[PDB]
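In what follows, a single structure is set out as structure tokens and then discussed.
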Amino acid sequence: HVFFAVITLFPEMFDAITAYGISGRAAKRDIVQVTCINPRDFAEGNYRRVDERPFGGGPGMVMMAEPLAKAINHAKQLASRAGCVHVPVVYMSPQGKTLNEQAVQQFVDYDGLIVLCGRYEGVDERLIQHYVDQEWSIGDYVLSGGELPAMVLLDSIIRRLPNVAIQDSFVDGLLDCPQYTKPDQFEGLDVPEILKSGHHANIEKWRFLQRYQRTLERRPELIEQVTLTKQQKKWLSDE
Amino acid sequence: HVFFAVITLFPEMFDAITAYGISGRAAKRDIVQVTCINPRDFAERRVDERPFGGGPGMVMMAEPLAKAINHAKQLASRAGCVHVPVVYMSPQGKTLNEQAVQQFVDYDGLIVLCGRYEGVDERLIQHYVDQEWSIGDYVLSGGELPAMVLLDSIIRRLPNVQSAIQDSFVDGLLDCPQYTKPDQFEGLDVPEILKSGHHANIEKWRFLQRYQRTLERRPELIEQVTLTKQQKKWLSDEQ
Ligand SMILES: Nc1ncnc2c1ncn2[C@@H]1O[C@H](CSCC[C@H](N)C(=O)O)[C@@H](O)[C@H]1O
Ligand SMILES: Nc1ncnc2c1ncn2[C@@H]1O[C@H](CSCC[C@H](N)C(=O)O)[C@@H](O)[C@H]1O
């Protein structure tokens with residue numbers, strides 16, 4: 001029962017992944033658990049402020065360390081009571097390591113994650129220094145909040161958990177091949193005949209050549225780092 | 001009034017960005033409009049089918065998406081949009097980044113196609129899709145989260161949505177650490193430059209932090225940065 005806790009000002013945003021699709025069916029079947037913790041539930045004052053003006057001047061607001069520390073402690077206690085051995089705290093940040101398939105595969109082995117979602121101009125650095133084990137970025141772009149990155153990370157993990165993908169792009173270092181389904185003819189374009197109903201073996205051959213050629217056309221640096229089985233090497237030299 | 005149309009089996013997911021945060025305030029203020037089109041409203045009610053050649057999973061059918069995309073196109077024309085590309089979210093697309101995001105701001109609006117399951121029929125892409133974009137080298141269970149990532153990244157750079165000049169990747173460097181109250185957190189002080197500094201030495205410190213952080217974490221990005229003479233002077237004043 002993989003345990004996910006997200007520290008977020010907008011818990012309702014996570015309904016996008018707990019209430020729909022394959023990730024929703026996983027939450028509803030209790031294969032995973034998603035608990036949302038709002039730092040405003042650990043803030044002081046009638047307004048429950050979690051943000052304040054940055055030292056050194058500058059626009060915007062910075063999330064205060066003290067409510068987030070309390071929210072992370074609560075999340076740590078929730079995970080311990082859930083039977084988890086250890087759950088690392090991940091901060092979503094453009095300054096973290098870049099999520100890719102290799103990272104996803106490692107995350108699948110974890111008992112669970114606590115994911116910290118920032119807002120405003122970001123989170124006080126001392127909070128990161130003391131409470132965060134890992135920083136991950138979903139890409140070289142800036143979003144208005146860490147909730148969507150958290151959801152991207154969570155979704156990428158949930159779909160590889162047992163009882164929730166062998167042909168995934170990047171799983172073998174190559175891109176997936178073009179897919180075709182009914183109708184037989186679409187706006188003058190037909191399915192390649194090899195795929196239509198030939199035997200099991202020759203369809204598999206075509207799929208590899210398509211993965212390699214597509215990977216070659218779009219992402220040639222991945223061809224540099226790919227390792228081929230002997231059956232695949234045979235197919236290439238034939239062309 | 002930028003126009004967004006998303007083709008998605010799960011329109012409710014997009015509440016995550018239209019109802020919360022800065023992107024939500026933009027939708028409520030009518031600075032942007034997001035319209036969801038469900039391919040199930042255009043089927044004869046199946047929208048996915050088994051792939052030719054066998055293989056696991058389902059492939060989204062071209063004909064409902066063609067009808068949905070055309071409806072999206074007429075929706076966009078009736079909104080007055082001149083230039084609206086059809087974008088398909090796919091890990092086989094070009095990788096989104098901040099430079100790409102800036103280019104999207106130039107469009108009158110977007111039609112974004114969200115695939116599910118094993119993906120979208122290849123021929124539908126060939127005939128109806130102008131651009132393919134990936135948010136990263138990992139596989140998600142659907143294109144809705146990537147669509148939202150793209151939309152959020154665009155929305156936060158639109159006029160009337162101050163504090164975006166200091167973003168990561170804006171100048172090719174990562175952002176510097178942020179601090180706010182209290183003066184001391186669990187033994188850690190705010191750097192004194194930020195506490196009691198002034199315009200020149202704070203600006204110097206922030207730049208040296210951006211540079212050093214980029215060098216430690218993303219050393220390839222230093223290759224692609226061009227420095228003002230004042231920044232070049234600041235660096236040499238250290239080394
Ligand atoms: N590409 C991305 N990957 C992961 N988290 C991201 C992200 N873009 C924004 N976020 C998170 O969204 C929140 C608000 S944006 C703050 C951005 C920060 N000044 C910077 O450029 O480093 C932060 O917690 C930030 O880490
Ligand atoms: N990194 C990413 N960027 C953009 N769209 C993505 C994505 N990961 C998944 N999607 C979209 O999510 C949907 C279901 S995932 C299908 C993935 C496909 N087998 C492949 O390996 O290429 C598809 O429409 C896909 O384009």
Side-chain angles (χ1 to χ4, degrees), chain A residues 7-9 21-22 54 58-60 62-63 90-101 115-123 128 135-150 152-153 155-156 159 165 168-170 172 174-179 211 214, chain B residues 7-9 21-22 51 55-60 87-98 112-120 125 132-147 149-150 152-153 156 163-164 167-169 173-178 210 213:
Chain A
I7 319 286
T8 172
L9 295 176
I22 295 179
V62 174
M63 288 199 75
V90 169
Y91 175 51
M92 302 315 297
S93 163
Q95 295 169 56
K97 343 176 193 54
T98 306
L99 180 67
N100 53 22
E101 203 287 319
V115 181
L116 169 63
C117 303
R119 282 267 155 178
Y120 308 108
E121 314 308 310
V123 164
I128 299 166
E135 295 182 74
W136 285 89
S137 171
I138 65 159
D140 285 350
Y141 40 82
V142 174
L143 303 191
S144 66
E147 285 79 4
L148 288 177
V152 158
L153 172 63
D155 177 275
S156 80
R159 69 178 295 279
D168 272 345
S169 291
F170 306 112
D172 55 1
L174 300 180
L175 303 179
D176 197 13
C177 69
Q179 307 277 119
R211 292 177 76 89
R214 173 152 284 200
Chain B
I7 318 288
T8 169
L9 295 173
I22 294 179
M58 306 287 272
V59 174
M60 287 203 75
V87 171
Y88 175 49
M89 303 313 298
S90 165
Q92 291 166 54
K94 347 180 190 63
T95 307
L96 180 70
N97 57 23
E98 200 53 26
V112 181
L113 171 65
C114 305
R116 280 265 155 182
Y117 312 122
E118 298 302 317
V120 162
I125 301 166
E132 291 180 71
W133 285 91
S134 170
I135 63 159
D137 290 352
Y138 40 82
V139 174
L140 304 192
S141 64
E144 286 83 7
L145 289 178
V149 159
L150 174 65
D152 177 277
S153 78
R156 71 180 297 277
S163 41
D167 272 339
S168 292
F169 312 118
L173 299 177
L174 304 180
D175 198 15
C176 71
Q178 304 271 48
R210 290 173 72 88
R213 175 152 282 196

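Naming convention: chains lettered A, B, ... in sequence-line order (proteins, then strands); numbering from 1 in each chain. Atoms within a ligand are numbered from 1 in the order they appear, just like the ligands themselves.
Taking any N or O of A:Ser169, backbone or side chain, at least one lies under 3.5 Å from an N or O belonging to ligand 2. At a 3.5 angstrom cut-off on N or O pairs, B:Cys114 does not count as close to ligand 2. In terms of N/O distances under 3.5 Å, ligand 1 is approached by A:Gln95. Taking only nitrogen or oxygen atoms, main chain and side chain alike, B:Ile135 reaches within less than 3.5 Å of ligand 2. For ligand 2, the polar-atom distance check against B:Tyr88 finds a nitrogen or oxygen pair separated by under 3.5 Å. Ligand 1 has an N or O atom lying under 3.5 Å from an N or O atom of B:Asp175, backbone or side chain. Backbone and side-chain nitrogen or oxygen atoms of A:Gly146 are examined, and one is located within less than 3.5 angstrom of a nitrogen or oxygen of ligand 1. Taking any N or O of B:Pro146, backbone or side chain, none lies under 3.5 Å from an N or O belonging to ligand 2. The shortest N or O to N or O distance between A:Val142 and ligand 1 is not under 3.5 Å.
Between the CE atom in A:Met92 and the CD1 atom in A:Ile7 there is a gap of 14.0 Å [rounded to 0.5 Å]. Taken to the nearest 0.5 Å, the OH atom of A:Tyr91 stands 5.0 Å off from the CD1 atom of A:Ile128.
Looking at B:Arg210, its side chain does come within 3.5 Å of a backbone N or O of B:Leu173 through a donor-acceptor pair. Between the side chain of B:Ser134 and the backbone N or O of B:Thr95 there is no donor-acceptor pair closer than 3.5 Å.
The residue among B:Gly136, A:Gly145, A:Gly139, A:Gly96 with a heavy atom at the shortest distance from atom 12 (O) of ligand 1 is A:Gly145.
Across every non-hydrogen atom of A:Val62 and A:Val123, the tightest pair is CG1-C, 3.9 Å. Contact between A:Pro54 and A:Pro59 at its shortest, heavy atoms only, is CG-O, 4.2 Å.
Interface of B:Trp133 with ligand 2, defined as ligand atoms under 4.0 Å from a residue heavy atom, comprises 4 (C). Atoms of ligand 2 found under 4.0 Å from any heavy atom of A:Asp168 (numbered from 1 in listed order, with element): 21 (O). Taking every non-hydrogen atom of A:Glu121 and a distance limit under 4.0 Å, the qualifying atoms of ligand 1 come out as 16 (C), 18 (C), 19 (N). Distances below 4.0 Å separate heavy atoms of A:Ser137 from the following atoms of ligand 1: 1 (N), 3 (N). Each of the following atoms of ligand 2 lies closer than 4.0 Å to a heavy atom of B:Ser141: 14 (C). Near A:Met92, the atoms of ligand 1 lying under 4.0 angstrom from a non-hydrogen atom of the residue are 4 (C), 5 (N), 11 (C), 24 (O), 25 (C), 26 (O).
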side-chain contact (heavy atoms from CB on, under 4.5 Å), that's the test. Do A:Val142 and B:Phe169 meet it? Break it down for me. CA-CA 8 Å; A:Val142 174; B:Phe169 312 118; 4.2 Å; yes
Between A:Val115 and A:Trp136, is a side-chain contact (heavy atoms from CB on, under 4.5 Å) present by the stated rule, with each step listed? CA-CA 10 Å; A:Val115 181; A:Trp136 285 89; over 6 Å; no
side-chain contact (heavy atoms from CB on, under 4.5 Å) between B:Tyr138 and A:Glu101: does it pass, once the steps are laid out? CA-CA 5 Å; B:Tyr138 40 82; A:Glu101 203 287 319; 5.6 Å; no
Could you walk me through whether B:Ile135 and B:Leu150 pass the side-chain contact (heavy atoms from CB on, under 4.5 Å) check? CA-CA 8 Å; B:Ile135 63 159; B:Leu150 174 65; 5.6 Å; no
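Residue contact annotation: A:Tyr120 has a non-hydrogen atom under 4.0 Å from ligand 1.
Partners of A:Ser144 according to the side chain to side chain contact (heavy atoms under 4.5 Å, CB included) rule, which considers only residues two or more places apart in sequence or in another chain, are A:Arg119, B:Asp152, B:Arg156.
Of all the heavy atoms of B:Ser90, the ones lying under 4.0 Å from any atom of ligand 2 are found in both the backbone and the side chain.
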